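Asks: Sequence lines, in order, name chains A and B.
Position 209 of the first sequence, counted from 1, bears residue number 851 in the working numbering, the numbering being contiguous throughout.
Position 125 of the second sequence, counted from 1, bears residue number 767 in the working numbering, the numbering being contiguous throughout.
One structure is given below, represented as structure tokens, and several questions about it will come after.
2 protein chains.
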Amino acid sequence: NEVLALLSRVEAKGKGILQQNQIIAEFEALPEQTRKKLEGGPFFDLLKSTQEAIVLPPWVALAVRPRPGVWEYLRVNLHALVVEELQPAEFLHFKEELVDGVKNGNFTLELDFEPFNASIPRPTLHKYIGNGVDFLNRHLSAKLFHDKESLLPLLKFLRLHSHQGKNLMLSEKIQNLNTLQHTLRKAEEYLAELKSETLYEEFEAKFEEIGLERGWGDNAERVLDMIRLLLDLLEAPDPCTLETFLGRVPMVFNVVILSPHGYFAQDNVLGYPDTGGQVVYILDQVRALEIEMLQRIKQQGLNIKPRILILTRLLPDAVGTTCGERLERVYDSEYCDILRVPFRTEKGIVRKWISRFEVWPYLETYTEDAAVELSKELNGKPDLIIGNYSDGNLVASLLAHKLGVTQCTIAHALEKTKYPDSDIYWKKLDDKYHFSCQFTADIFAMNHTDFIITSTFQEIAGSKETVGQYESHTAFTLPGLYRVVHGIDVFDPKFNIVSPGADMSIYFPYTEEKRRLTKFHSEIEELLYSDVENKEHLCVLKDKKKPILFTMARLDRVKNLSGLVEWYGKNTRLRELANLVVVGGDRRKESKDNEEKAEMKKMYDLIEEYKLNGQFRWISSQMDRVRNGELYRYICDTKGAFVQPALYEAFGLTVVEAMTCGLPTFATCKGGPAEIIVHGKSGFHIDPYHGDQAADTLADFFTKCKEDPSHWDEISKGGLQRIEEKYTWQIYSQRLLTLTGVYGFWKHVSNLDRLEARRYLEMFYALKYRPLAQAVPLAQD
Amino acid sequence: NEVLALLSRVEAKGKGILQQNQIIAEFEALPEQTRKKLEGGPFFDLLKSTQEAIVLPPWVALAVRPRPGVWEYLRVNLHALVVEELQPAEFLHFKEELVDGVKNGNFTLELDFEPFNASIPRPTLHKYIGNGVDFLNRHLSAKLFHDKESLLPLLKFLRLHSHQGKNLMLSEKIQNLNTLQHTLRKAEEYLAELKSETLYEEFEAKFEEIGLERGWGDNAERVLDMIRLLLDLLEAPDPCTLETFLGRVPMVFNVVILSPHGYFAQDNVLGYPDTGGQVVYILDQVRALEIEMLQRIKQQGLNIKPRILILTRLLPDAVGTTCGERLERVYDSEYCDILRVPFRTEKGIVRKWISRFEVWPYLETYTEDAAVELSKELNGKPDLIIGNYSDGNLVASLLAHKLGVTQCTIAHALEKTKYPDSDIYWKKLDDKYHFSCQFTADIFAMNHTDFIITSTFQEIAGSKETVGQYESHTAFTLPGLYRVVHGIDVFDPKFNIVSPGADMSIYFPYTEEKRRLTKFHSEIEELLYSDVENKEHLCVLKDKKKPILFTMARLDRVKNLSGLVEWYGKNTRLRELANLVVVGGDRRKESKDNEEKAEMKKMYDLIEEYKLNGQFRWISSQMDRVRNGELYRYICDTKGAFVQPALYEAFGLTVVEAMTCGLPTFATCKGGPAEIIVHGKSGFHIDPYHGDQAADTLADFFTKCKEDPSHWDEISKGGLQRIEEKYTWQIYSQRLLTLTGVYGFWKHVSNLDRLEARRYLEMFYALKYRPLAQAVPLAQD
Ligand SMILES: O=c1ccn([C@@H]2O[C@H](COP(=O)(O)OP(=O)(O)O)[C@@H](O)[C@H]2O)c(=O)[nH]1
Ligand SMILES: O=c1ccn([C@@H]2O[C@H](COP(=O)(O)OP(=O)(O)O)[C@@H](O)[C@H]2O)c(=O)[nH]1
Ligand SMILES: OC[C@H]1O[C@](O)(CO)[C@@H](O)[C@@H]1O
Ligand SMILES: OC[C@H]1O[C@](O)(CO)[C@@H](O)[C@@H]1O
Ligand SMILES: [K+]
Ligand SMILES: [K+]
């Protein structure tokens, strides 16, 4: 039935040479098409699952995505019956012709990691995506099972393992699997007799004689389980045993965390350009980590003092902050300090703030300087290094290589998905965003790291219909620069989902009166309802009694708050029902950020266009997380709602924050919030691409709530539960330390294979990143 | 021996901060020392093994080389007993301080090809150096023994094997080892009965039925063996069988040879800048190669017509030459042609000759055009591509990648060894020699190719005392650019020694009278003995009856012709015994080559300084090999000798030519001739660094020869027999075709592992070569 397909195919051409997302790809052609559809059936499934379609004059190329992480590419003749299967490289040719007019010159670069990763087989099952350690535990457990040469790495590992000159686990006396096998048995025999609560100090003398150093446990009971797990691993390995053992071995003492860009600090920062959830995440992370690290250290019978350092930039000139000081104790922790190192060039240190899109030329020297400073601060080298975002992941990768430390990376966001078609359109965007530097770093850190943590499944593989954040890096091209044929694989065993949370001392249900912070109510009321218009707040709320539609975020284009303002301004029904309150941007000072400055001008116009005075309150950056918690709960009092209208949102901590306070939430369906919220149950999804619908959806909510105030309560509970089940810090740390254990061991078992990748990556950094990063215009004081 | 040892490092550290050379390094120290020479204990064995030593005040660094192919680097304390073993990369660190003042930026590029070669085990035996095919054969032979998943590749090979639309060996009717085994057997039984000389045509009908296509042999006998061999590979694989069979499969039909630089032609060229033994080598090669290819095509029952294309630059302004015509038939061949393609830019084609040192920016476009052209010339694609020197090897790799063809490289020289310390001092030599480009190319091709051909062992691994040419590329560094930690390995199984020869119809014993070409006597006698001084010959021989000390070569610095002249001018004894005749440089025209110009001036000066007139004849480039053959024979008549005083000579075809004609040779001990000649037996060695001794050795020889004439004859015979045994063209062809067969099959079996190394190279060409070559300033017409 070709008379039909050609209908759709001639639909596509009318659009002309260009990119088409499934948004349009199906939208225009299938539904906006005449009843000639009469389709269902085959080719509807195919078209529906098509992720994007590249239209050039004679042909349309289709990237088809049947299942998450499964792709096939196709060229079809616009007017013709012909359909040919494209290879990934071939499809990317198309994209390139669309822009340069020409596919990349024959000997232009193809990045291919596929042949490197081939060391260990790939899972094909949806169930292991974001579960990679489970896959690895099972593969190690098999490789280890009765293989002499296979067990040795474990022995050597334990035998060399030490911290600060104090030997741990096994001593130099155990040279082979028999001696070890023997000692473990003698030790189990001895220990099996003594009382459960017997301290390690009692039998310590005996152990040292037979070659057993500290770290097996604090008391006899614990030590015995350890030694049994090990006998079991030498004997009949199984995944749970392997994981349990490797996780329990004391390893992580000194931790190094990289977060160079933005103003990273504990006060007077959140809401400035580049300063946001990542900062909030890390501060919550180390506190939890330190608590867990102490616990384990003790349980294993050790007195070691842990140290966690957060490496960021020293910013001499940002007044009102502590960003100027080299060392800062993290609030509410004993062992976590922030360690600030300055950017510099031959001419000396660079004072001024620099956008995260511009920091590339400063990162290498930063790595050098950082290694020195943490060397001054740490006693013994780092046992774990975690990279954060692009710059951090970059720096974290260089250090991990330099010092030989187990590496983890966390994206926190991936710009290629926040800025659609920014890969194929990279060149027109470069003077401004330098995405050629950043995509390079991303691709680099991504394959350079030992493991990767994501906050959600969708961050890796997306959903059934839409592609993941990482998955979108599998095949792309930057025409004129290079072409990534396989840059990452959603099925990679290194991906682990470990979900964060909000700090339950700061954020809790609005309904616990005892804990409500009333001392903030005077300020909050002035902040919302006052009649004064100034750099802190603009316009004025006429009716103090309505529900409040609330939002808070950095002000940049993707966050798309100006968009919400418009949706709101246009909808008379929604303006009638509720007041709009938007926290974003800091109007106290001159904005040095491109998008934010731009975004502020829109905001000012929108205020005039829709005559927003009386329904709208535009608040500047709210920098105190403690008062912020109260603010949310106050929105709760008005029986209002939180809305997150981002064009794309990588994770969305504020979504978690509101749900946690019991504030019903409407979040963008693009990115992480799609996973966080179960629509109808834990809150509602809205599409930033249809805003008027978004507004009407909200109007519907406030109307239902008016007629039935219990509707409100339903979602508030739905949300609260979702958070209890899904996003909380208690479990996070333990997961992290265990991951660190397993991948740490895997690192040695698999070292021989990863040398080819080691050197490929080295060359990529040296001959691609460095040149690009050096071409970036330097900040001038 | 703590007393003695302290005493050497003592004298060493006085020399200052500089390069320690072995000859230099040991010379001063041990011999300029005392009876402390009682060091004939262990420490001395390590000193003479030292290849070079880096001098920096606190430490000295030593590269030690116990056996060829085995290096260990170490640093002891300038004043101390401390000796600490160095990683190769740390030794190279040392070398980098000496120049730039500090090491290479911490994150600047290290090339390591080691982990990319691991697909197969390294031979550790001196016996296997240059013998790699023998080694690769025993690996295949073993991997091929009763591993089904192993044998399939051989079947796929024979099944897919075809040429020019005609199907060869196995048909598509054979889908598996089972029916293959069945058919072959069925074929054996039948053929075993027929008369030996029965033509394939007779039993062809039957064969086509059972799945057997042409190529097994011309008669029943030959088909019988070929089939029996294959049956054997399926049953009990052994190296002799594996090789013998893979060599028999008709394979090489179309051959592409790359030689872009120089004036490449059959006349009016030899002696011009860059135009030399490579050109002479290649013409002899294709002629020989064509005879074998026809022979092999006939024997396997095929009628295919071969094609050999020699690809070089088209030079439209080189007059007197054929260098401006796109296609030229090679002398004395049916199927070999020179194919010339022009260099060009956006601006159009580039007419003027460019030094081989400057060709780099044009080579990539050369490849594209070349491909288009050799495509028009060839029926089907290349079955083999052979690269030559640096530019040729660079182009040959790009082509083999683009076309998917078996690749072989032949160095012909490696400049890094011709220009001492040109790697470490590369920066100041670069605006002139562009060695950053070249060395990059050299390493790129060296690893990129399937197999490598060398003319001698020394070219690869050197000698026990001295380092080999490729071997010197194993670890080196170019401060500020990159560091090669492992660039090549002398034991790599891809190395193969196949020695060239002289064309026996041009060069032969001076004592076969019927053959002497006497029609050349008048011209030659004028050349040597006339009293006319002009651009053809300078100065004058006063005495026509003295023996002639003879040399012929391109005129450049490394050839050190000016050196020979000085030595001779200074030595009254030698001047008394013989006349000096030197052919080099073309003074008919104005020289456009740097080194030639510089070298010409030296020559002129030496003429006046040593008042050489009457003892000396300086002859311009002799471009006709035919008469050139006679010129050698004529020197023999005078009972003269050939002398080759190069500072380094990669091979020395003129040494082969001289020995072939009966002319006793004295050749430089640096480079290939060290292997060609057996001192005292087939000729003599002289050390260009001690030239006065060179001059005396010559003097001694002539004196002895005057007292006992039969002394001359001994060497002449030694020289002849030596040539007969080692260097002759007959064997060359077979070996080369067999190599292609074996390396060809291997290409398929080992492809998966080579996939990693394939991308490493691609990125290295792309991000390192391309940018450098583009830095090279273009020629201007
Ligand atoms: O003016 C502001 C804007 C943001 N935030 C905090 O910054 C974080 C933003 O995290 P999210 O992931 O939602 O946004 P992003 O990380 O992209 O900045 C949340 O803790 C907010 O409460 C804040 O305290 N004040
Ligand atoms: O004026 C000259 C100089 C060189 N040759 C020939 O060029 C080749 C030089 O090759 P060789 O390997 O000796 O030195 P290369 O030029 O390759 O460095 C030999 O065949 C010489 O006979 C020549 O015919 N005329
Ligand atoms: O979305 C990317 C941006 O958001 C942050 O979370 C801000 O704290 C960082 O990851 C980055 O600046
Ligand atoms: O260095 C040797 C030089 O001479 C050649 O043999 C050409 O005659 C080339 O290999 C190179 O240009
Ligand atoms: K230990
Ligand atoms: K075939």
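Where is the CB? At the ideal position from N, CA and C, for every residue including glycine.
Run through chain B and tell me which residues come within less than 7 angstroms of residue 1398 of chain A, C-beta to C-beta.
Replies: Within the first sequence, the letter at position 756 stands for residue 1398 of chain A. Going along chain B in sequence order, the residues near residue 1398 of chain A (Cβ under 7 angstroms) are 757, 758 and 1398.
Asks: Residues of chain A with CB closer than 8 angstroms to the CB of residue 748 of chain B, please, in chain order.
Replies: If you number the second sequence from 1, residue 748 of chain B lands on position 106. Per Cβ cutoff of 8 angstroms: 1010 and 1044.
Asks: What are the boundary residues of the alpha helix (DSSP H) that residue 799 of chain B is part of?
Replies: By one-based count along the second sequence, residue 799 of chain B stands at place 157. Here the alpha helix (DSSP H) through residue 799 of chain B covers 790-802.
Asks: Within this structure, are the beta carbons of residue 925 of chain B and residue 1409 of chain A separated by less than 7 angstroms?
Replies: In the second sequence, the residue the question calls residue 925 of chain B occupies position 283. In the first sequence, the residue the question calls residue 1409 of chain A occupies position 767. Taking 7 angstroms as the Cβ cut-off, residue 925 of chain B and residue 1409 of chain A do not qualify as a contacting pair.
Asks: Got a sec: does ligand 1 put a non-hydrogen atom nearer than 6 angstroms to the Cβ of residue 1293 of chain A?
Replies: Locating residue 1293 of chain A in the first sequence gives position 651, counting from the first residue. Within the cutoff, so yes.
Asks: Find the nearest neighbour of residue 1503 of chain B within the set B/973, B/1176, B/1102 and B/702, judged by alpha-carbon distance.
Replies: What the structure shows of chain B is the stretch from 643 to 1423, and residue 1503 of chain B is not part of that stretch, so it cannot be assessed.
Asks: Is the number of C-beta pairs between the region 1187-1197 of chain A and the region 1264-1280 of chain A that are closer than 8 angstroms three or more?
Replies: The region 1187-1197 of chain A, when compared against the region 1264-1280 of chain A, does touch it at the 8 angstroms Cβ threshold.
Asks: Mapping the DSSP letters down to three states, classify residue 878 of chain B as helix, strand or coil.
Replies: For this step, residue 878 of chain B is matched to residue 236 along the second sequence. Three-state result, residue 878 of chain B: coil.
Asks: Would residue 836 of chain A and residue 869 of chain A qualify as a contact pair, given that the criterion is a beta-carbon distance under 7 angstroms?
Replies: Position 194 of the first sequence, counted from the start, is the residue given in the question as residue 836 of chain A. Position 227 of the first sequence, counted from the start, is the residue given in the question as residue 869 of chain A. No, these two residues do not count as a Cβ contact at 7 angstroms.
Asks: Closer than 6 angstroms by C-beta to residue 647 of chain B: which residues in its own chain qualify, once you throw out the five before and the five after it? Chain order, please.
Replies: Indexing the second sequence from 1 puts residue 647 of chain B at position 5. Cβ within range, chain order: 685.
Asks: Would you report the Cα separation of residue 675 of chain B and residue 658 of chain B, rounded to the nearest angstrom?
Replies: As a position in the second sequence, residue 675 of chain B is number 33, starting the count at 1. As a position in the second sequence, residue 658 of chain B is number 16, starting the count at 1. Looking at the two C-alpha atoms, the distance is approximately 18 angstroms.
Asks: Compute the Euclidean distance between the alpha carbons of residue 1314 of chain A and residue 1191 of chain A, then round it to the nearest angstrom.
Replies: Residue mapping note: residue 1314 of chain A aligns to position 672 of the first sequence, counting from 1. Residue mapping note: residue 1191 of chain A aligns to position 549 of the first sequence, counting from 1. C-alpha separation (whole angstroms): 21 angstroms.
Asks: Along chain A, which residues have their Cβ under 9 angstroms away from the Cβ of residue 1406 of chain B?
Replies: Within the second sequence, residue 1406 of chain B is the residue found at index 764, counting from 1. Correct list: 1405 and 1409.
Asks: How is the beta strand (DSSP E) around residue 1102 of chain A delimited, first residue to last?
Replies: The residue you call residue 1102 of chain A lines up with position 460 of the first sequence. That residue, residue 1102 of chain A, is in no beta strand (DSSP E); its alpha helix (DSSP H) goes 1099-1103.
Asks: Starting from residue 754 of chain B, find everything on chain A with Cβ-Cβ shorter than 9 angstroms and list it in chain order.
Replies: For the purposes of this step, residue 754 of chain B is identified with residue 112 of the second sequence, where counting begins at 1. Correct list: 1397, 1400, 1401 and 1404.
Asks: How should residue 1413 of chain B be labelled, buried or exposed, when 16 other C-beta atoms within 10 angstroms of its C-beta is the threshold for buried?
Replies: The sequence position of residue 1413 of chain B within the second sequence is 771, counting from 1. It counts as exposed.
Asks: Report the neighbours of residue 1006 of chain A on chain B: residues whose CB is nearer than 7 angstroms to its CB, in chain order.
Replies: Counting from one through the first sequence, the residue named residue 1006 of chain A turns up at place 364. In chain order: 749.
Asks: Which residue marks the beginning of the beta strand (DSSP E) containing residue 1113 of chain B, and which one marks its end?
Replies: Counting from one through the second sequence, the residue named residue 1113 of chain B turns up at place 471. Run containing residue 1113 of chain B: none; DSSP gives neither H nor E here.
Asks: Exposed or buried, which one is residue 1134 of chain B when buried takes at least 16 other CB atoms within 10 Å?
Replies: Numbered from 1 along the second sequence, position 492 holds the residue referred to as residue 1134 of chain B. It counts as buried.
Asks: Give me, in chain order, the residues of the same chain whose beta-carbon lies closer than 6 angstroms to that of residue 1111 of chain A; leave out the 5 immediate sequence neighbours on both sides.
Replies: In the first sequence, the residue the question calls residue 1111 of chain A occupies position 469. Taken in chain order, the residues that qualify are 1056, 1059 and 1101.
Asks: With burial defined as no fewer than 16 other Cβ atoms inside 10 Å of the residue's Cβ, what is the status of residue 882 of chain A: buried or exposed?
Replies: Along the first sequence, one-based indexing puts residue 882 of chain A at 240. It counts as exposed.
Asks: Which of the three DSSP states is assigned to residue 1376 of chain A in this structure?
Replies: As a first step, residue 1376 of chain A must be located in the first sequence, where it is residue number 734. Reduced to three states, the DSSP call for residue 1376 of chain A is helix.
Asks: Buried or exposed for residue 1301 of chain A, please, with buried defined as at least 16 other CB atoms from any protein chain shown within 10 angstroms of its CB.
Replies: Locating residue 1301 of chain A in the first sequence gives position 659, counting from the first residue. Counting Cβ neighbours within 10 Å, residue 1301 of chain A comes out buried, since at least 16 surround it.
Asks: For residue 1121 of chain A, count neighbouring Cβ atoms within 10 angstroms of its own Cβ and tell me buried if that reaches 16, exposed if not.
Replies: Residue mapping note: residue 1121 of chain A aligns to position 479 of the first sequence, counting from 1. Buried.
Asks: Closer than 7 angstroms is what we want: which residues have a beta carbon that near any heavy atom of ligand 5? List them in chain order.
Replies: This selection yields A/800, A/801, A/802, A/803, A/804, A/809, A/810, A/811, A/812, A/813 and A/855.
Asks: What are the residues that DSSP puts in a beta bridge with residue 1128 of chain B?
Replies: The count along the second sequence starts at 1 and reaches residue 1128 of chain B at position 486. Bridge partners of residue 1128 of chain B: B/754.
Asks: Considering only DSSP beta bridges, list what residue 1007 of chain A is partnered with.
Replies: For the purposes of this step, residue 1007 of chain A is identified with residue 365 of the first sequence, where counting begins at 1. DSSP lists no partner for residue 1007 of chain A.
Asks: Less than 7 angstroms between C-beta atoms, sequence neighbours within five positions excluded: which residues of the same chain meet that for residue 1294 of chain B?
Replies: For the purposes of this step, residue 1294 of chain B is taken as the residue at position 652 of the second sequence. Cβ within range, chain order: 1286, 1309, 1314, 1315 and 1318.
Asks: How many whole angstroms separate the CB atoms of residue 757 of chain B and residue 1397 of chain A, which I take to be in contact at a CB cut-off of 8 angstroms?
Replies: To locate residue 757 of chain B, count along the second sequence from 1; it is residue 115. To locate residue 1397 of chain A, count along the first sequence from 1; it is residue 755. With 8 angstroms as the limit, residue 757 of chain B and residue 1397 of chain A qualify as a contact, their Cβ atoms being about 4 angstroms apart.
Asks: Pull up the distance between the alpha-carbon of residue 643 of chain A and that of residue 690 of chain A, whole angstroms please.
Replies: Translated into positions along the first sequence, residue 643 of chain A becomes position 1. Translated into positions along the first sequence, residue 690 of chain A becomes position 48. Approximately 18 angstroms between the Cα atoms of the pair.
Asks: Where does residue 769 of chain B land, buried or exposed, given buried means 16+ other C-beta within 10 angstroms?
Replies: If you number the second sequence from 1, residue 769 of chain B lands on position 127. Under this definition residue 769 of chain B is an exposed residue.
Asks: Measure the Cβ-Cβ separation of residue 1223 of chain B and residue 1259 of chain B and say whether it is below 7 angstroms.
Replies: What you label residue 1223 of chain B is simply residue 581 of the second sequence in a count that begins at 1. What you label residue 1259 of chain B is simply residue 617 of the second sequence in a count that begins at 1. Cβ distance < 7 angstroms, so residue 1223 of chain B and residue 1259 of chain B count as in contact.
Asks: By the 10 Å Cβ neighbour count, where 16 or more other Cβ atoms means buried, how is residue 699 of chain B classified, buried or exposed?
Replies: The sequence position of residue 699 of chain B within the second sequence is 57, counting from 1. That one is exposed.
Asks: Short check: CB of residue 1333 of chain A to CB of residue 1209 of chain A, under 7 angstroms?
Replies: Here the question's residue 1333 of chain A lines up with position 691 in the first sequence. Here the question's residue 1209 of chain A lines up with position 567 in the first sequence. Cβ distance < 7 angstroms, so residue 1333 of chain A and residue 1209 of chain A count as in contact.
Asks: Please name the residue or residues paired with residue 1275 of chain B in a DSSP beta bridge.
Replies: As a first step, residue 1275 of chain B is located in the second sequence; it is residue number 633 there, counting from the start. Bridge partners of residue 1275 of chain B: none, in fact.
Asks: Can you tell me the Cα-Cα spacing of residue 905 of chain A and residue 772 of chain A, whole angstroms?
Replies: Your numbering for residue 905 of chain A matches position 263 in the first sequence. Your numbering for residue 772 of chain A matches position 130 in the first sequence. Computed Cα separation, rounded: 31 angstroms.
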